[PDB]
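Below: the structure, in structure tokens.
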Amino acid sequence: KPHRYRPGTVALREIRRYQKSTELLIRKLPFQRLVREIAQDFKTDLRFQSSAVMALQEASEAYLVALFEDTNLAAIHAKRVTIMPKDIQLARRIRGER
Amino acid sequence: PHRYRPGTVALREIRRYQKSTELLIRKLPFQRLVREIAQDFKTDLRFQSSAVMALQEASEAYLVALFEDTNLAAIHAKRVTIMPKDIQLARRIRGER
Amino acid sequence: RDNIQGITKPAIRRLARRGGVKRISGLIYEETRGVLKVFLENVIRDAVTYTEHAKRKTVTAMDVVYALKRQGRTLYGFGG
Amino acid sequence: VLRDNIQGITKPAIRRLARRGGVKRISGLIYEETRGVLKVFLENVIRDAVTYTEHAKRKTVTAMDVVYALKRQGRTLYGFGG
Amino acid sequence: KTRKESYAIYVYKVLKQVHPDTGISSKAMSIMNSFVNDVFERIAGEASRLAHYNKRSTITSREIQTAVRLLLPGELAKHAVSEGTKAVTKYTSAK
Amino acid sequence: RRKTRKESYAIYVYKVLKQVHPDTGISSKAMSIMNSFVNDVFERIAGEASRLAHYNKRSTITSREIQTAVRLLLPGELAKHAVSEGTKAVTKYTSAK
Amino acid sequence: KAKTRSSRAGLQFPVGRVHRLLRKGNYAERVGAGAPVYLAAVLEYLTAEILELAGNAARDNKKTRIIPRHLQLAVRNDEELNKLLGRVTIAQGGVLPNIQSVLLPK
Amino acid sequence: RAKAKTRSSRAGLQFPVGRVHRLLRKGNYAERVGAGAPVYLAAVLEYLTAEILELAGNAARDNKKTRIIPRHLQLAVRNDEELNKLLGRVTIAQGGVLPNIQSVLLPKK
DNA sequence: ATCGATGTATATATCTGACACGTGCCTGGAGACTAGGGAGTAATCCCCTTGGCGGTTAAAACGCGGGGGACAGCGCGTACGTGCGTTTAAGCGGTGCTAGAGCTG
DNA sequence: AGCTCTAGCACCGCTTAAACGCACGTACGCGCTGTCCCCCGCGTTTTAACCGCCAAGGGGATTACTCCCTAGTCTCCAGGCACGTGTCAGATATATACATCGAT
């Protein structure tokens, strides 16, 4: 039989691969479309610098990764491994965002 | 004689101290603690009374906010008892640890 | 529109890998999407406003950097 | 020289502080951990206040200096002057 | 000097305009004065920056308007900015 | 056509790096990052020094204001090193012209 | 006769004192004419909202005089003024009477 | 007229003392700027830049690179506990994050 | 259910010290005028962003088995809430006095 | 450097409420087990992100020109803050009626 990894084995390898990596983990064009539909609610006919979208992507990914460390910490605090939306809500509540 | 169930007198204190607004720490022990900590930075300092007041109430507000966060992450862990790990988790998520 | 769904589930999974999480619940991703959207709202609600001050209608990276400086998240890498 | 006044932050004082925080039940090591947290918080705020005091060539820590030391840490305090 | 500058009488006039039968404590007056000073410092700092952004050496009504739209939260700003323009209108009509 | 004389700390970071690591080079994105870092630290030291200058009703910013701002916002031990280094530079400015 | 700038703008807060604080605060080398008027209007509007909510809280506590507890109840109950002063603590303010649902008895 | 000598060489610094004084004046922090304040600020800026640059050089040597990349700066800032405290609210572009795994996440044999 | 304590919502008489109101003054705000420098406006341009087409491939979408982690249930024993006697020190009032804050030249 | 005066520190005595130590009961954190469900690993499809290249146009930067707005100066006065007064909002006492917890 072909070798099949245990559930959670290659997940740790993927964590180790992406923790040392620095490239953006969200695709450029879907995030660009998201930015341009979000900016449409504040002013029509806007334009964007490419570096502006890059800065938005960098900041959004940094914020999401930091939120993921906090939600992982409070998921471990609940004697679990899987992160739940209640863990994210707790992390945002302790951080004073809600 | 009459004795309340354990947990209900504590709920009376939660309603009592949230309704009221004065200091919960005694003034002189906090003043002595402030004098102990401040002597590490300069010997023979002096403190205004209002300085001790501001230090005490700012510390009270910080500790009550920490207790809010600690109780929230305690009930997140399916517990009604706050534990030290709740406090380190709260201070870690807040960014001061 | 559907561009909030353009942040696909592998992208949130990769961000959780960078955050160090093995197991991700199925209700995380859309919730994460919402959180991301909310965050972007605030930044855009600043950034275009800076553009609104400049009598421009293109959003430069410099306005985004100073928009991010306002909420307390200073971003190094695009200027000062 | 004052010594061992961190125990002046007593058992029922920490209990009262937790009651205002909405805490129903309290563990035993909570008191020591909160004493440590209060000690480090006062160390930071008092260090900043003394640093502000030394710049004014003063030897009494003014409440105004404590207010600005708390403002520098992001915890702005009202009611003692602005 | 001995002169203690504050916003006590102006906050008192605002309170009597809003609630004529309601008084205020001296401690609450101190909180109101510190709140006014802090909000003024915040808006003035943002206006100073927004002047520095576009190489402008002056603070106009546009600076304060954009500073309010950044700093004060949403519909409050949607009130305040509009209300501010009304004051500017009363400063331009009355000359 | 005409271009604004774009202002940055590019060469000075390179001279400092060659002082501490003569063999090691550095990318242009790290020039942008280090320039942003030094600009941010300059802004916060200058703002805090202005803030203390306003607090003591002083119209000038001397080396004492900068030193106290460094002791305030910079975290502990390197602060003393920075303070010492700053003091040394001041001495080298006073012994010379 | 000299008429003050606050009465010109129909405001209670001092336009001239705000202009003096803007100039002496050295925020910019120049200050426009309408900027202190706009800033004073914003300040008195914010003071009006805080004082109105505090007066409502005082009437709910049937107190004729506003105490700092009423100010804390005014800022913390309003969610929109809450994040304006989220980092700000208030002298003698206390906290909202909030109890978690899990800690409540059956 | 005497030979034009920069204040940085007089102070013994690589960072520009005169540019720091000019930006202090143009930043309008106060109406007066002292003589030794730009010297002190240039020394502090040079010291902080030197600290992070030598830590990033050590990080690049550990990764066996002769060019300092934003990943090296991220590793230099975050591994030092005290520089991390200085920049706890700062995100570095293309910096990534520290490789860190919590204790319970590791599998057991 | 049930009653008894037990904390809580609504009507009047008394005191106080903290706040509302009145007096004085003096200094910062207002009226007037000018320069000149900074901000507003018109014309250019070029580069920087937007839009579009081919392709093609890595990544996203989807199906599906499974196993391991989430979650519910139960036993325990111990740690923590609650009550009472004791004592310990906080709180308050009063005295004194001097280091030092604050103001001025 | 000098003068003033003020509040911060030190000590002392009385009182009384808070804290502390101990007894005691039981509520809950934790450990263990059973279940089941739903997320992960991986194979197969598919799709659109991305790279490359090109057109275009328009908008931010650049310059010159103008003009009018605000810093600056001078002079005058009235509004805002020290100080004094008085008076009443709230705390405190009683009395009367209502919703809640415990133990049976």
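We did not get these values from a lab; they are worked out from the coordinates using the rules stated. Note: ideal-geometry Cβ built from the backbone for every residue, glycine included; neighbour counts use all protein chains shown.
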Amide H neighbours of F:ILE26 under 5 Å, counting only residues 5+ apart in sequence or on other chains, H built in-plane at 1.01 Å? H:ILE68
Modelled label reach - A:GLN40, point 7 Å along Cα→Cβ, the stretch C:1-45 residues with backbone N closer than 14 Å: C:1-6
At 7 Å along the Cα-to-beta-carbon direction for both C:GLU41 and H:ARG32, put a label point, then send me their distance in nm to one decimal. 5.1
When only Cα pairs under 8 Å and 6 or more residues apart are kept, what is the percent relative contact order across chain D? 19
Inter-site label distance for E:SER6 and H:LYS64 at 7 Å from Cα along Cβ, in nm: 7.0
Given Cβ point charges of +1 (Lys, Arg) and -1 (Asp, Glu) and nothing else, what value in debye, to the nearest 20, does the dipole of the stretch D:1-80 about its Cα centre take? 360
List every residue whose amide H lies under 5 Å from the amide H of H:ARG32, counting only residues 5 or more places away in sequence or on a different chain, with H placed 1.01 Å from N in the peptide plane. F:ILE61
Relative contact order, percent, chain B [alpha-carbon distance under 8 Å, six or more residues apart]: 18
With θ taken as phi - 60° and the coefficients 6.51, -1.76 and 1.60, list the Karplus ³J(HN,Hα) couplings across the stretch F:30-35 in order, rounded to whole Hz; mark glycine and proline as x. 6, 4, 5, 5, 5, 5
Calculated FRET efficiency for the pair F:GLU77/B:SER20, C-beta based, R₀ 35 Å, to 0.05: 0.25
Low-density loop positions, GluC sites (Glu not before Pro), the stretch A:1-52 - DSSP coil, at most 13 other Cβ in 10 Å: A:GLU23
Report the relative contact order of chain H, percent, no decimals, based on alpha-carbon pairs under 8 angstrom and at least 6 residues apart. 17
Each residue of A:28-41 has, on average, a number of other protein chain C-beta atoms within 10 Å of its C-beta equal to 5
Could you calculate the contour length gain from C:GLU31 to C:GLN71, that is, 0.36 nm times the residue separation minus the distance between their Cα atoms, to one decimal place in nm? 12.2 nm
Given the DSSP H assignment, sum -39500 (n - 2.57) over each helix run of at least 4 residues in chain E and divide by its residue total; what's the result at 222 nm in deg cm²/dmol, nearest 500? -25000 deg cm²/dmol
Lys, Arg +1 and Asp, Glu -1 on Cβ, resulting dipole of chain E about Cα centre, debye, nearest 20: 360
Long-range amide H contacts for C:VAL59: which residues qualify at under 5 Å (H placed 1.01 Å from N, peptide plane, sequence gap of 5 or more or a different chain)? A:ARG47, A:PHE48, A:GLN49
Helix-derived [θ] at 222 nm for chain H: sum -39500 (n - 2.57) over DSSP H runs of at least 4, divide by residue count, nearest 500? -16500 deg cm²/dmol
Shape verdict for the protein assembly as shown, please, from the Cα gyration tensor: rounded (a/c under 1.5), prolate (a/b greater than b/c) or oblate. rounded
For the pair A:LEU29 and B:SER50, the simple spin-label estimate (label points 7 Å beyond Cα toward Cβ) gives in nm 6.4
For the pairs F:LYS15/H:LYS64; E:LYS16/G:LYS63; D:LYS57/H:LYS85; E:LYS78/F:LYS57, note any where the Cα-Cα span goes beyond 25 Å. D:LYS57/H:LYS85; E:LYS78/F:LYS57
Can you tell me how chain F classifies by the Cα gyration tensor, rounded, prolate or oblate, using a/c under 1.5 as the rounded cut? prolate
Assign unit charges at the C-beta atoms only (+1 for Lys and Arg, -1 for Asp and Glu), then state the dipole size of the stretch B:24-87 relative to its Cα centre in Debye, rounded to the nearest 20. 180
Using a ≥ b ≥ c from the Cα gyration tensor of chain C (square roots of the eigenvalues), is it rounded, prolate or oblate, where a/c under 1.5 gives rounded and otherwise the larger of a/b and b/c decides, a/b for prolate? prolate
Per the helix-only calculation at 222 nm, which mean residue ellipticity applies to chain A, given -39500 (n - 2.57) for every DSSP H run of n ≥ 4 and division by its residues, nearest 500 deg cm²/dmol? -21000 deg cm²/dmol
